[PDB]
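Note that each Cβ is placed from the backbone with ideal geometry, even for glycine, and that neighbours are counted across all protein chains shown. Throughout, read-outs are computed from the coordinates displayed, never taken from laboratory work.
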Amino acid sequence: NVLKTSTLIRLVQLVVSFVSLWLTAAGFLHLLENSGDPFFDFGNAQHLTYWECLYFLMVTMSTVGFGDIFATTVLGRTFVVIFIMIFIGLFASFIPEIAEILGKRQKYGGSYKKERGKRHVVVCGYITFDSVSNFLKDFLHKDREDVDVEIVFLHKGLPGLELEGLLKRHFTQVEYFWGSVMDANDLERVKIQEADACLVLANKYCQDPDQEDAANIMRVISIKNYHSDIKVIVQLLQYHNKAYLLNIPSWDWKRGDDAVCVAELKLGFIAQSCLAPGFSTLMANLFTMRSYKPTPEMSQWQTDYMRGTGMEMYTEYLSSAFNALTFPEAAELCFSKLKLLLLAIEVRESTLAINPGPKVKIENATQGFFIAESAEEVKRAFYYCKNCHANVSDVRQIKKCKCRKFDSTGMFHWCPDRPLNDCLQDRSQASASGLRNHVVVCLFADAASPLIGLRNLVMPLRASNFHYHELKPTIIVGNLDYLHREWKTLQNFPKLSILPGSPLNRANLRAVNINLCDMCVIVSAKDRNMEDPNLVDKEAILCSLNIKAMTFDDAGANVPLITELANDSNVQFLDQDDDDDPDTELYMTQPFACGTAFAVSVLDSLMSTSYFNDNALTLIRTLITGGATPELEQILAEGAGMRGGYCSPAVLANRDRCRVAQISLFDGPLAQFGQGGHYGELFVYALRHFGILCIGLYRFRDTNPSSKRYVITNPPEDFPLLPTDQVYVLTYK
Amino acid sequence: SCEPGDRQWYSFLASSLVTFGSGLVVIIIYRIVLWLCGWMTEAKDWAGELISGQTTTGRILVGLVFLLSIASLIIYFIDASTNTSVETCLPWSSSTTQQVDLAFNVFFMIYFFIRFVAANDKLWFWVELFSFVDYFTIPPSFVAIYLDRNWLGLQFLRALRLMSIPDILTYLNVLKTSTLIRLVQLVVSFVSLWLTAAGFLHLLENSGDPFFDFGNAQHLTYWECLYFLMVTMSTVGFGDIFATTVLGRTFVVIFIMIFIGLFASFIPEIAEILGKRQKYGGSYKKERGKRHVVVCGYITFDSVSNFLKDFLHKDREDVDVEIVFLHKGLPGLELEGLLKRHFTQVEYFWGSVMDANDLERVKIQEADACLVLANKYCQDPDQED
């Protein structure tokens, strides 16, 4: 019982039948030629050896037919005719079928040779030239700390030729293996018990994001079942699917397990843009590694913008010279002397504190969070000695010295459930409503389309650190049958309403007072990979262009818009007076540089930053979610909906948290800096007098006449200010 | 020249076998010692980065491997095209080709050791294809200094070094497109396999069968073997040339069983790759004073002929407007004929009005109008609109 596999059975049948037929035919020709024709009295004969017949039959069977040897008995020639009619078919079918069987061998078999002292990270799920190149470009990036981590891809496919080239170019630091994380033997080959982490990548452009999340949850189950203590980081396409992996017995966020939920993230970034218009661009640039590389073809505003895109957020320990400073004094010092924007600290269990007030002291081995141009910049905060050694002049000289109701967790405003018909309005009722300074959501959906999770858009806008009087009213224009399915998650948020119908219908937009809103959000639940790559965003593009072309009476392109895009390229159609070259990547385009466009692609480096510094991923979240703690994520995973009511002062204490806000240099106490001051003067003044920590500017592109503005992340200390500038700040008021 | 009788080929062959065998044994006894019982990994990583062309010194070394693997093969063509006997007595101090060959063999010996370091498993490395090319090339070239004689033995394997070229042109990041990667893999593997097979047949036929005391021999040139293998590989088989050593005939049988499949798959796949080139590329040459109209959307023999019959019509004012079709398809044969009949006044370009570069090629800023035609007989008129 030794021929077990069907291919191995077929192989031995092919080879043995071919070889035995070739040998028996050669022996028959050898009889005929050497014996000679019987009706010519055996006189016509030709003394071929057996081996000459064997060679001659291969030469004729293959149709090469050299004719160095040939048959000459009429029985030998008639046998050669019969042989030609049979054996050309045998050879012409045998050679391809053997070639297919031998071509079937699995290439990327074998196992990872674990080196003496190298970390490795197993990477699996959606592995392709695009997802791997996007992942590796940020993971291997030249401005990281140069930790010698190996990347080990585990996937069922053969890699494509483009991916084979990329794997060959990174041969010294990247591996690929054929296999699946669903198989415990493949988990053994990649030595996953000795891996530093496992990363599960998701197909963001799948036809069914619940099906893709179901597959990725079963992977984390398989990985955790094989060994519970592996740090797993998984990409989720849907927020409700996070509940399923929160219920896995071995899942633990204190162990560093995480779900990078792109629905929760995209809607948090655009929701913070409703509170501070360009903040999705401010903030999405911090979490991807990019680099400043000017050209004289750039306008002056593009050189400011692109300097800002050169920022990333970094974690480093504050030197002992910071010990017992208040956080404000440490931030003044770190900005003014070290040229670093310190914005948060890890306070000892331990917790993240963002822009904490004078009451919080720095302590020995405090980790700080900085915005800076490279990892080599933030080292300076560890190296700084104060008067105990070098501490003066050039930043290159520091060197090294040696000397109302709420959610039950208090975090969001809350109200008891309601039926959707309590919040449904009509074009008339709506217009009646005095809407102003509101948020409008233009929602494109079919009744059957996948849930986008608008709770992640409405929740950040209903945080407890706002007073109720300053909560922006929210109105959703969209398909009613879709909204009935969504409503089970929305029904606990106050100041919320629905106007059923198309967002392209101009009478809906006018009833909604689209001209009076603080932000219009354009968002789509439609098929994110429908047939034509130019049709995918047509609803969002038409909605943008429609609103931008309207007119109003006691306008149009003046109204604030943010649009989610399914295909980053379609950004070129989204606005006029761009004049961007269509070869430009999204982050350099005018609509992205102003915060008018957003796309899920900018979130990809949240996988790599989740691996390199988990705490940085919890900061971005605390900000963009408005404060969704893992207690709330557990309370929602209990399936009872968002439980809330009145609160004790003990939980309600948390109402005071740092918020991203925007302030104008046109009037009030800071206008003295708008009148030809510098960003460093403003930063130090606002920090000290108000605890207001400045993180960037939002400046008019047309300084001489459109309303566009652009975002300058972390300007230089000597950067000039205009009275029309607006300032991104972190504040407790 | 040569020497009557006095065969010494087995001394050259032995140098390749003892160099192969001794290193294989040293690995096996070390594996057994580590089975019965840092700077190493730093060196392995450094050498891996170097041979992968990741460092700038690696890109220099990777360029030298490309140049010197081709030069090392050209010195084999010069030897194989000028040596008459397979062994040849000649003092190395006289032969300039064998002197520049020593410099190349030193380079490939250094490159072999670098690659040793970088290797993850030394046993598998000692059995890689290029490791055999090195054992059968380099040690015999040193024996050819020690004795005043050379043997044109397994030297044909130097042609296999060409199979590194697709990797070098991946390390240097120049093979960008997947079709261009596939093209260079096909051509270089085919050409190097054809050359190495011709050199092996040339050894066998010119040396003769060993069990017939080397008396059965046939003095083919290398180029006659190269031609004969193309003629048999393609199955044309003229038989103007044929092998007659039993080792040459058994090699021709093995070659027929392998290389007919290679040729019969190679020729179609190259023909598909070269057939893939985009025909109606390029750009509209805007004439000194002619209007042009860009036409796009539903472009077909029907829609174009219906459009042109009324647009070009003889009873119009005879304004000299050019029509410029912009569409993603290749035009069908009926539409190609119609475009040829109107050559002086109609143009067609491959592209889409969705791409700003294609709008630039048709010079649409200087167009008098753009016409967007619709598929009136589509399944979904809202999708078409």
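Of note:
- If only residues of the stretch A:208-261 that are of a type in the set (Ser, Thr, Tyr) and assigned to a loop (DSSP other than H, G, I, E, B) are counted, the one that is farthest from residue A:350 (Cα to Cα) is A:239.
- Applying the criterion of at least 2 residues that are closer than 19 Å to residue A:397 by Cα and out of contact with any helix residue (DSSP H, G or I) (no Cβ under 9 Å at 6 or more places or on another chain) to the strands (runs of 3 or more DSSP E) found wholly in the stretch A:310-374 leaves an empty list.
- Take the conditions (1) assigned to a loop (DSSP other than H, G, I, E, B); (2) within 13 Å of chain B (Cβ to nearest Cβ); residue A:168 misses just one of them, which is (1).
- Taken together, the residues in the stretch B:353-374 that are surrounded by 15 or more Cβ atoms within 10 Å (Cβ to Cβ), in contact with a helix residue (DSSP H, G or I) (Cβ under 7 Å, 6 or more places away or on another chain) and assigned to a loop (DSSP other than H, G, I, E, B) amount to 1.
- Considering A:90, A:23, A:75, the condition of being part of a helix (DSSP H, G or I) and in contact with a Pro (Cβ under 9 Å, 6 or more places away or on another chain) is satisfied by A:75 alone.
- Candidates B:242, B:255, B:238, B:211, filtered to the one that is surrounded by fewer than 16 Cβ atoms within 10 Å (Cβ to Cβ), of a type in the set (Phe, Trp, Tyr) and within 11 Å of another protein chain (Cβ to nearest Cβ): B:238
- Just one residue in the set A:87, A:39, A:56, A:70 is of a type in the set (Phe, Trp, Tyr), surrounded by 19 or more Cβ atoms within 10 Å (Cβ to Cβ) and either more than 14 Å from chain B (Cβ to nearest Cβ) or out of contact with any helix residue (DSSP H, G or I) (no Cβ under 6 Å at 6 or more places or on another chain) (or both); that residue is A:56.
- Residue selected from the stretch B:148-168 under the condition under 14 Å from the mean Cα position of the chain (by Cα) and of a type in the set (A, V, I, L, M, F, W, C), by the criterion nearest to the other protein chains (Cβ to nearest Cβ): B:168
- Taken over the stretch A:446-468, the criterion of being more than 15 Å from residue A:524 (Cβ to Cβ) and assigned to a loop (DSSP other than H, G, I, E, B) is satisfied by A:459, A:460, A:461, A:462, A:464, A:465, A:466, A:467.
- Count - residues of the stretch B:290-338 that are within 17 Å of residue B:354 (Cα to Cα), under 40 Å from the mean Cα position of the chain (by Cα) and among the β-branched types (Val, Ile, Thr): 2
- Tabulated pairs, the stretch B:117-146, first within 14 Å of chain A (Cβ to nearest Cβ), second surrounded by 21 or more Cβ atoms within 10 Å (Cβ to Cβ), C-beta under 8 angstrom, 6+ apart or interchain: B:118/B:50; B:118/B:51
- Selection of the stretch A:269-285 for residues being farther than 21 Å from residue A:518 by Cα and surrounded by fewer than 22 Cβ atoms within 10 Å (Cβ to Cβ) yields an empty set.
- The stretch A:90-108: number of residues that are within 13 Å of chain B (Cβ to nearest Cβ) and under 36 Å from the mean Cα position of the chain (by Cα): 0
- Residues being of a type outside the set (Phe, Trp, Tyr) and under 16 Å from residue A:453 (Cβ atoms) - total across the stretch A:229-244: 8
- Subset of the stretch B:268-284 that is part of a loop (DSSP other than H, G, I, E, B) and out of contact with any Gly (no Cβ under 9 Å at 6 or more places or on another chain) - its residue that is surrounded by the most Cβ atoms within 10 Å (Cβ to Cβ): B:284
- Taking the numbered list (1) within 13 Å of chain B (Cβ to nearest Cβ); (2) outside any helix (DSSP H, G or I); (3) not charged (D, E, K, R) in turn, residue A:47 passes all entries but (1).
- Failed item, numbered, when residue A:185 is tested on (1) under 24 Å from residue B:59 (Cβ atoms); (2) not in a loop (DSSP other than H, G, I, E, B): (1)
- Matching residues, the stretch B:355-381, being over 44 Å from the mean Cα position of the chain (by Cα) and among the basic types (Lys, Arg): B:376
- Residues that are of a type outside the set (D, E, K, R), within 14 Å of chain A (Cβ to nearest Cβ) and surrounded by 16 or more Cβ atoms within 10 Å (Cβ to Cβ), drawn from the stretch B:47-83: B:47, B:48, B:50, B:51, B:52, B:53, B:54, B:58, B:62
- Residue list for the stretch A:568-615, filter: more than 14 Å from chain B (Cβ to nearest Cβ), of a type in the set (S, T, N, Q) and more than 17 Å from residue A:281 (Cβ to Cβ): A:608, A:609, A:610, A:613, A:615
- The condition of being within 58 Å of the chain's Cα centre (by Cα) and more than 9 Å from chain B (Cβ to nearest Cβ) holds for residue A:139.
- A single entry from A:132, A:81, A:64 fulfils the requirement of being more than 30 Å from residue A:12 (Cβ to Cβ) and crowded, with 20+ Cβ neighbours inside 10 Å: A:132.
- Filtered residues of the stretch B:169-196 (kept if under 12 Å from the mean Cα position of the chain (by Cα), surrounded by fewer than 19 Cβ atoms within 10 Å (Cβ to Cβ) and of a type in the set (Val, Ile, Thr)): B:184, B:187, B:188, B:191
- Whichever residue in the stretch B:4-57 is under 30 Å from residue B:207 (Cβ atoms) and among the β-branched types (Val, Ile, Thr) and, among such residues, is farthest from the chain's Cα centre (by Cα): B:25
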